[PDB]
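What follows is a single chain, given as structure tokens, in the form deposited in one PDB entry.
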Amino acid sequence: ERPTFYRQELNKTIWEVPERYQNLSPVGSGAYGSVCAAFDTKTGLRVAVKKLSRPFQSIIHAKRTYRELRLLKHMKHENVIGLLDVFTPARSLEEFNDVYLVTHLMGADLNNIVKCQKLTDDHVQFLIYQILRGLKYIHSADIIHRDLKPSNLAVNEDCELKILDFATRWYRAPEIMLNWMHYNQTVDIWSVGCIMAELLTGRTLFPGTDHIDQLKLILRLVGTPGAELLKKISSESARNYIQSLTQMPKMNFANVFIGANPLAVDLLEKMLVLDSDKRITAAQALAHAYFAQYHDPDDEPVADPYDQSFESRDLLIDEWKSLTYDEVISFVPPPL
């Protein structure tokens, strides 16, 4: 049942992966973990192998490890990164302390291609359509990405895009900047608008230096909140700030994004609305005339129900670790 593992040291960390994965070369490391590119001999595809860093060192870490595994196992969509394999070199639960995730290898992210080439309107259409297509799938399972940004959008040479990890502040919705605890899925739509504006102009839309400067840059373009939006702010300390600034009017998006496709400008206006209740959804954005060449209602599927009840649970270290263990053995690979 269990395959054969081989041990090797890459960078300053260790890797114990099955024999089917060969030629492990590092791609990029961080606080999340170490990612290696490998060749899968069972399928012939190039894969990305991610070793989690300290998966069960604290309650926050153990729950986070369980959350990522449950999330990656549920995502089955062409525009969302999915799990090709999940393994551990441990034979029992007692020695279980390392988790490895395997997925399709993507050569670059949207950050590596935005400044390398100012994208044409046709390429922006295809890239943003793929984001919204994957966002409709994610949002249909009551999941919010919360951290959409160019580095979180993997693209290959074929212009095919996938969402990952479902300055960062440059793409954050203003309701999160104001610490509103009841934001909805439309915070991701705000990030898409910031990303789509960057691809069209080649510039970061809101390159704020801090949480304060970020809001001033946003309010400079979309204007200060009106009376309808002000009625929805319960935090008196929040209103003590917004109602105290110099009131900014909403700028003409056709003038700010001059020379761009008028259909692209119209979509940005519906995406970059201050009031989150009036922001366009992912499903509505797919039907926008900007994506007429790509929109297909019968090929924009939704996700199966996702059980998020674990998020409101207070468990111990071994309990989160044992639940993560169960998800490893119960994994079923996707069909070839």
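Whichever C-alpha set is largest while still superposing within 1.5 Å between the two forms counts as the rigid core. Residue indices: 1-based, along the sequence shown.
In the other compared entries of this protein that model both flanking residues, residue 250 has coordinates in every one, well short of a third left out. Modelled in this chain, residue 120 is likewise built in all the other compared entries whose models extend past it on both sides, so a third of them omitting it does not occur.
Count the deposited residues lacking coordinates between residue 171 and residue 172 and you get none at all.
Averaged over Cα atoms, the B-factor as recorded in the entry is higher for 249 to 257 than for the other of 249 to 257 and 98 to 106. Stretches 49 to 57 and 65 to 73 differ in mean CA B factor, with 49 to 57 having the higher one. Reading the B-factor column for the CA atoms of 198, 165, 213, 160 in the entry, the top value corresponds to 165. Within the listed group 243, 125, 191, 79, the record reports its top CA B-factor for 243. Residue 317: CA B factor in the middle third of modelled residues in this chain (values from the PDB entry). In this PDB entry, the Cα temperature factor of residue 288 sits in the middle third of its chain's modelled residues. When the modelled residues of the chain are ordered by C-alpha B-factor, residue 279 sits in the lowest third. The entry lists a Cα temperature factor for residue 83 that places it in the lowest third of the chain's modelled residues.
When the modelled residues of the chain are ordered by C-alpha B-factor, residue 181 sits in the highest third.
Not pictured, yet referred to below: the form deposited in another entry.
Among the candidates 45, 273, 283, 303, displacement between the shown form and the other one reaches 2 angstroms at the C-alpha for one position only, 45 (superposition on the rigid core).
When two forms of a protein are overlaid on their rigid core, residues whose CA moves 2 Å or more are considered shifted, and residue 201 is not one of them between the shown form and the other one. Here residue 142 does not count as shifted, since its C-alpha moves by less than 2 Å between the shown form and the other one after the core is aligned. After superposing the rigid core, the C-alpha of residue 232 moves by 2 Å or more between the shown form and the other one. Between the C-alpha atoms of residue 233 and residue 272, a gap narrowed by no less than 3 Å is obtained in that other deposited form, as opposed to the form on display.
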